[PDB]
Amino acid sequence: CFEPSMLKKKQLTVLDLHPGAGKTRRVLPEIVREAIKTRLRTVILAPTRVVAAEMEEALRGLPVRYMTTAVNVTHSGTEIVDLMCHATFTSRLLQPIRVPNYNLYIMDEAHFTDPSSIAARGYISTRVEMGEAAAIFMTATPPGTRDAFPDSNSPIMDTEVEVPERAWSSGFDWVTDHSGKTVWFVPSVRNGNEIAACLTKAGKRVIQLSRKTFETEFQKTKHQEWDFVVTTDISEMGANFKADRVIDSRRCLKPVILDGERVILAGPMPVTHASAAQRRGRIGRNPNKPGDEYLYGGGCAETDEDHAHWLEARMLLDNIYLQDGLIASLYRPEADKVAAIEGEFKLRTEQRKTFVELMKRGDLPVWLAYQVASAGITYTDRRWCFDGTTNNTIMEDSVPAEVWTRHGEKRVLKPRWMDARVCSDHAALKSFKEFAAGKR
RNA sequence: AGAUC
Ligand SMILES: [Mn+2]
């Protein structure tokens, strides 16, 4: 557990705190109050807007500069503590700007494998190792450890069973015979839609959660009755339910780079241990309501090296300026997930600004932005969106999607580099069509 | 699938 000793330079502390143990509502305030007392320049790193909003609740009234729109408080101007999301921190490290020389970095959910979180751990741990700063990483599953069954406030009954992943008409009576409340993690929105329809058909009350619907739908879990929450991994962090069962497919979709050539949303494939621990961690939280059960349908992923986020983290970190041209390393327990030589992705000055602008203003995925920038293409030149090979054609409703270009021509979306994330769902395609049209 | 400005 935490002690003020850990606030000295050259100390990186990983607080292994199991789900429900108090990372956000107990330990984080404790750390922040001591940093405020001792006037340490501190940044708090939340993985998501949601967790940031949860953080402000727990830090209510303390002098914290919230560098996120997810929170709106009056700032005194004397605030020495900043709060932002992992991706915001990493993006700002990429700008030609003045990053404060924070003495203390506090990262909550330090297992997050978003490429910007991985890159932030690399930068932060390198700065600690150089003697410049102190850092505290909090998670239930410290990087480098593979325990899918961490401790809990109340004992959890874990049972491996065949978990249905499609609509069913028989053979799974235990799903619907249950009279409690179930949180069911599914690999995708479309997959949860089919299961939710099947459960609704059988007379259950279902709330569905995803990135696209979380805002409006999650509050319903607080105020309406419900039998099932069917959720994507949106609910792995910063989401809590009054449930007594989790059903876990133990699968996910994850971006994968095929042959160095393109990015697909591979799967469904096994989740990591960290993600299984988070999913299981939705229950077993209430010592007054024992009896919770975790029903899971397969193993966890033994190697995450196929995940594109590892290489994308190195693309960010190779281009984050440290000191007179040094390059930060990935956080050591995770450094073996990428086999690329040191500095392989460092871009020269001009191509680097393009990569940065492609990601921030352009909102392209890291891997894609890097392909464009490293080809010498300028930010506003969108011709590559239309001149790929035929197998790069983006479909809409099984018909080649089309775009009115800045030159008043209707062209089929066929990007020179295919990254499935630009058209994996409706909002993504819409954002990329605007990009291909020259609108941002 | 997720993520930020
Ligand atoms: Mn927490």
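Computed over heavy atoms, backbone and side chain alike; hydrogens, waters and symmetry mates excluded. Labels below follow one simple rule: chain letters A, B, ... track the order of the sequence lines, proteins then strands, and each chain is numbered from 1.
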Check: Of A:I283, A:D292, A:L295, which is the lone residue that meets side chain to side chain contact (heavy atoms under 4.5 Å, CB included) with A:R245?
Finding: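 Result for side chain to side chain contact (heavy atoms under 4.5 Å, CB included) with A:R245: A:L295.
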Note to self: Given A:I320, which partner from the list A:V99, A:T126, A:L93 fulfils the side chain to side chain contact (heavy atoms under 4.5 Å, CB included) test?
What the structure shows: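 So the option named by the test is A:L93.
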Check: In residues 349-370 of chain A, what residues come within less than 4.0 Å of RNA chain B, judged by heavy atoms?
Finding: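 Within this stretch, A:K360, A:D363 sit under 4.0 Å of the strand.
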Margin query: For a side chain to side chain contact (heavy atoms under 4.5 Å, CB included) check, start with the C-alpha distance between A:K346 and A:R352, then their side-chain angles and the critical distance, and finish with the verdict.
Written below: CA-CA 8 Å; A:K346 170 154 157 173; A:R352 196 192 149 279; over 6 Å; no
Find the distance [X]:[atom1] to [N]:[atom2] and express it as a whole number of Å.
X	N	atom1	atom2	result
A:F214	B:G2	CZ	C1'	13 Å
A:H309	B:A1	NE2	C1'	9 Å
A:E165	B:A1	CD	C1'	14 Å
A:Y66	B:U4	OH	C1'	18 Å
A:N193	B:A1	CG	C1'	13 Å
A:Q278	B:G2	CD	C1'	14 Å
A:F435	B:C5	CZ	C1'	16 Å
A:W310	B:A3	CH2	P	17 Å

Looking at every strand, decide which applies to [X] at a 4.0 Å heavy-atom threshold: base, sugar-phosphate, or nothing.
X	value
A:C85	sugar-phosphate
A:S117	nothing
A:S91	nothing
A:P115	nothing
A:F112	sugar-phosphate

Hey, is the side chain of [X] poking within less than 4.0 Å of OP1 or OP2 on [N], counting only N and O atoms?
X	N	value
A:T232	B:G2	yes
A:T68	B:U4	no
A:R49	B:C5	yes

Margin query: Check for me whether the distance between the ring centres of A:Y296 and A:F185 falls short of 6.0 Å.
Written below: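 No, too far apart.
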Next item on the list: For A:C252 and for A:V50, find the nucleotide of RNA chain B with the closest heavy atom, then tell me which residue's nucleotide is more 5'.
Entry: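 Nearest-nucleotide comparison on RNA chain B picks A:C252.
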Notebook entry, point to check: What is the distance from atom NZ of A:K204 to atom NE2 of A:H178, rounded to the nearest 0.5 Å?
Noted result: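 A:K204 NZ to A:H178 NE2: 9.0 Å, rounded to 0.5 Å.
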Next item on the list: Any chance you could measure A:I207, atom CD1, to A:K222, atom NZ, to the nearest 0.5 Å?
Entry: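 Spacing of CD1 (A:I207) from NZ (A:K222) equals 11.0 Å.
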Name each donor-acceptor pair under 3.5 Å that joins a side chain in residues 356-373 of chain A to protein atoms two or more places apart or in another chain, with its distance.
| residue | atom | partner | partner atom | Å |
| --- | --- | --- | --- | --- |
| A:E357 | OE2 | A:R361 | NH1 | 3.4 |
| A:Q371 | NE2 | A:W367 | O | 2.9 |

Check: Considering only heavy atoms and no angle criterion, is a donor-acceptor pair shorter than 3.5 Å present between the side chain of A:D233 and the base of B:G2?
Finding: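 Such a pair does not exist between side chain and base.
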Distance-only donor-acceptor hits, side chain of residues 255-268 of chain A, under 3.5 Å, sequence neighbours excluded:
| residue | atom | partner | partner atom | Å |
| --- | --- | --- | --- | --- |
| A:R262 | NH1 | A:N392 | OD1 | 3.1 |
| A:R262 | NH2 | A:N392 | OD1 | 2.7 |

